[PDB]
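Here's the structure, in structure tokens; my notes come after.
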There are 6 protein chains.
Amino acid sequence: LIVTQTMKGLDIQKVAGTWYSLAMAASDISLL
Amino acid sequence: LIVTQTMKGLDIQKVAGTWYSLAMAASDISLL
Amino acid sequence: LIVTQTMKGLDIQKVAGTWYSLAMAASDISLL
Amino acid sequence: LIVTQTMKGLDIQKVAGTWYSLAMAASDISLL
Amino acid sequence: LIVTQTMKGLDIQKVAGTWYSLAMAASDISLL
Amino acid sequence: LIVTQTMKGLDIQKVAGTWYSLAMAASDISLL
């Protein structure tokens, strides 16, 4: 398993909330 | 398994909410 | 398992909230 | 005279040439 | 005369050339 | 004359060339 996540030139503004993650990677993920 | 996620030139604004992830990758994912 | 997360040129402003992580990586993750 | 030029989320690549200006503003401009 | 030039989240790559200016502002400009 | 040039979150790479200026401002400019 290879993960390559690149981000360039991002503008984020007024994100009032519950921002968890911009980039996420794992072997296993789950949400309930 | 190879994952290559690239993002360039993004503008995000007024995302009031519950933003989990912009980019996500895993072996296994599930939601309930 | 290989994870390579790179970010370049980011502007974040007015993120009043509960910002957990910009970049996240693990073997296992879960949320309830 | 008011000038407001905003740019967000730009990706420029392989611009081999004679790139003068991305954003330009003036009172007077001319080219010959 | 008011000039407001803002740039956010820019990715520029492989610009082999004669890049003069990204953002330009003046009272008078000319090229010959 | 008022000039306000702001740049945030910039990625520039492999700009082999003759890069003059990212941001430029003056009363008078000319090129020949």
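Each chain in the structure tokens gets a letter, A, B, ..., in the order shown, and its residues are numbered from 1; ligands are numbered from 1 in order too.
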Compile the contact shell of range 18-27 of chain F as an MDAnalysis selection string: residues with an atom at most 10 Å away, counting only C-alpha atoms, same-chain residues fewer than 5 positions apart removed.
(chainID D and resid 18:27) or (chainID E and resid 3 5 15:29) or (chainID F and resid 1:7)
Residue subset to file, keeping N, CA, C and O atoms, as a compact mmCIF listing (two decimals), in the first residue's frame:
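So the final result, stored in again.txt, reads:
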```txt
# COMPACT_ATOMS: atom_id res chain seq x y z
N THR D 18 7.13 34.02 -22.70
CA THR D 18 7.51 35.37 -22.32
C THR D 18 6.41 35.98 -21.47
O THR D 18 5.92 37.09 -21.72
N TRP D 19 5.98 35.25 -20.45
CA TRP D 19 4.88 35.65 -19.59
C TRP D 19 5.15 37.01 -18.95
O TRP D 19 6.04 37.13 -18.12
N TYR D 20 4.37 38.02 -19.33
CA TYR D 20 4.63 39.36 -18.83
C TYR D 20 4.06 39.55 -17.44
O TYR D 20 4.79 39.86 -16.49
N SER D 21 2.76 39.37 -17.29
CA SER D 21 2.10 39.69 -16.04
C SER D 21 0.87 38.83 -15.89
O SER D 21 0.15 38.60 -16.86
N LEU D 22 0.62 38.35 -14.68
CA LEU D 22 -0.66 37.71 -14.46
C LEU D 22 -1.75 38.76 -14.32
O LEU D 22 -2.70 38.79 -15.11
N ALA D 23 -1.60 39.66 -13.36
CA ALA D 23 -2.56 40.72 -13.14
C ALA D 23 -1.89 42.06 -13.37
O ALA D 23 -0.79 42.29 -12.86
N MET D 24 -2.54 42.94 -14.12
CA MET D 24 -1.99 44.24 -14.45
C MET D 24 -3.04 45.30 -14.25
O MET D 24 -4.22 45.09 -14.53
N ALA D 25 -2.61 46.45 -13.73
CA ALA D 25 -3.50 47.58 -13.56
C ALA D 25 -2.68 48.86 -13.61
O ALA D 25 -1.57 48.90 -13.09
N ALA D 26 -3.23 49.88 -14.25
CA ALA D 26 -2.53 51.16 -14.32
C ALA D 26 -3.53 52.23 -14.69
O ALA D 26 -4.70 51.96 -14.97
N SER D 27 -3.07 53.48 -14.68
CA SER D 27 -3.87 54.55 -15.26
C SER D 27 -3.84 54.48 -16.77
O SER D 27 -4.88 54.53 -17.43
N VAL E 3 -5.05 50.62 -5.82
CA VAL E 3 -4.82 49.32 -6.40
C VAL E 3 -4.71 48.32 -5.27
O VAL E 3 -3.91 48.51 -4.35
N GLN E 5 -4.23 44.26 -5.10
CA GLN E 5 -4.04 43.01 -5.81
C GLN E 5 -3.67 41.94 -4.79
O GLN E 5 -2.62 42.03 -4.16
N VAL E 15 8.25 27.09 -15.45
CA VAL E 15 7.97 28.39 -16.14
C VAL E 15 9.23 28.84 -16.88
O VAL E 15 9.47 30.06 -16.93
N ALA E 16 10.00 27.88 -17.41
CA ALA E 16 11.21 28.22 -18.15
C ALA E 16 10.92 29.25 -19.23
O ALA E 16 10.26 28.96 -20.22
N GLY E 17 11.45 30.46 -19.04
CA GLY E 17 11.15 31.53 -19.97
C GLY E 17 11.67 32.87 -19.51
O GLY E 17 12.83 32.99 -19.12
N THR E 18 10.84 33.90 -19.59
CA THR E 18 11.26 35.26 -19.25
C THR E 18 10.17 35.93 -18.42
O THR E 18 9.72 37.04 -18.71
N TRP E 19 9.71 35.24 -17.39
CA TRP E 19 8.61 35.71 -16.55
C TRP E 19 8.92 37.07 -15.95
O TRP E 19 9.81 37.20 -15.11
N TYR E 20 8.18 38.09 -16.37
CA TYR E 20 8.47 39.45 -15.91
C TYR E 20 7.90 39.69 -14.53
O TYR E 20 8.64 40.01 -13.59
N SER E 21 6.59 39.56 -14.39
CA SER E 21 5.94 39.94 -13.15
C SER E 21 4.68 39.12 -12.98
O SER E 21 3.96 38.88 -13.95
N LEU E 22 4.41 38.69 -11.76
CA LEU E 22 3.10 38.09 -11.53
C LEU E 22 2.05 39.18 -11.44
O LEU E 22 1.10 39.22 -12.23
N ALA E 23 2.22 40.10 -10.50
CA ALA E 23 1.29 41.21 -10.32
C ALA E 23 2.00 42.51 -10.59
O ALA E 23 3.10 42.73 -10.08
N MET E 24 1.38 43.38 -11.37
CA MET E 24 1.98 44.66 -11.74
C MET E 24 0.96 45.76 -11.58
O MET E 24 -0.22 45.57 -11.86
N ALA E 25 1.41 46.91 -11.09
CA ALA E 25 0.56 48.07 -10.97
C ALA E 25 1.42 49.32 -11.06
O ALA E 25 2.53 49.35 -10.52
N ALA E 26 0.91 50.34 -11.72
CA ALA E 26 1.64 51.59 -11.83
C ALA E 26 0.68 52.68 -12.25
O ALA E 26 -0.49 52.43 -12.53
N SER E 27 1.18 53.91 -12.28
CA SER E 27 0.41 54.99 -12.89
C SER E 27 0.46 54.87 -14.40
O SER E 27 -0.58 54.93 -15.07
N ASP E 28 1.64 54.68 -14.96
CA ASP E 28 1.82 54.58 -16.40
C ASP E 28 2.72 53.40 -16.71
O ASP E 28 3.70 53.16 -16.00
N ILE E 29 2.35 52.62 -17.73
CA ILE E 29 3.17 51.52 -18.21
C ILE E 29 3.11 51.52 -19.73
O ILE E 29 2.11 51.94 -20.31
N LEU F 1 -1.89 57.90 -4.88
CA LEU F 1 -1.66 56.55 -5.36
C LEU F 1 -1.37 55.61 -4.21
O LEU F 1 -0.43 55.81 -3.45
N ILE F 2 -2.19 54.57 -4.08
CA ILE F 2 -2.02 53.56 -3.05
C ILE F 2 -1.93 52.20 -3.73
O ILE F 2 -2.74 51.89 -4.61
N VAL F 3 -0.95 51.41 -3.33
CA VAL F 3 -0.76 50.07 -3.87
C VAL F 3 -0.68 49.11 -2.71
O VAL F 3 0.11 49.31 -1.79
N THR F 4 -1.51 48.07 -2.74
CA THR F 4 -1.51 47.04 -1.72
C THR F 4 -1.48 45.70 -2.41
O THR F 4 -2.50 45.25 -2.95
N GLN F 5 -0.33 45.04 -2.40
CA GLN F 5 -0.17 43.76 -3.07
C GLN F 5 0.16 42.73 -2.02
O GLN F 5 1.21 42.80 -1.38
N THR F 6 -0.73 41.76 -1.84
CA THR F 6 -0.52 40.71 -0.87
C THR F 6 -0.56 39.38 -1.59
O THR F 6 -1.36 39.18 -2.50
N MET F 7 0.33 38.48 -1.19
CA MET F 7 0.36 37.14 -1.74
C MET F 7 0.45 36.15 -0.59
O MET F 7 1.22 36.36 0.35
```
Starting from chain D, keep only residues with some atom at most 12 Å from an atom of chain C, counting only C-alpha atoms, and report them as JSON, numbers by chain.
{"D": [8, 9, 10, 11]}
Go ahead and write the residues just picked, C-alpha atoms, as a PDB file, in the first residue's frame.
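In the end it all went to selection-v4.pdb:
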```pdb
ATOM      1  CA  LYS D   8      -7.460  32.362  -5.680  1.00  0.00           C
ATOM      2  CA  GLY D   9      -6.606  28.779  -6.486  1.00  0.00           C
ATOM      3  CA  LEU D  10      -4.388  29.038  -9.551  1.00  0.00           C
ATOM      4  CA  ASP D  11      -2.368  26.283 -11.189  1.00  0.00           C
TER       5      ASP D  11
END
```
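A straight line drawn from CA of residue 14 in chain B to CA of residue 32 in chain A is 25.7 Å long.
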Here CA of residue 13 in chain C and CA of residue 12 in chain E stand apart by 22.2 Å
Quick one: residues within 6 Å of residue 30 in chain A, only C-alpha atoms, excluding same-chain residues fewer than 4 positions away - as an NGL selection string?
(:B and (29-31)) or (:C and (30))
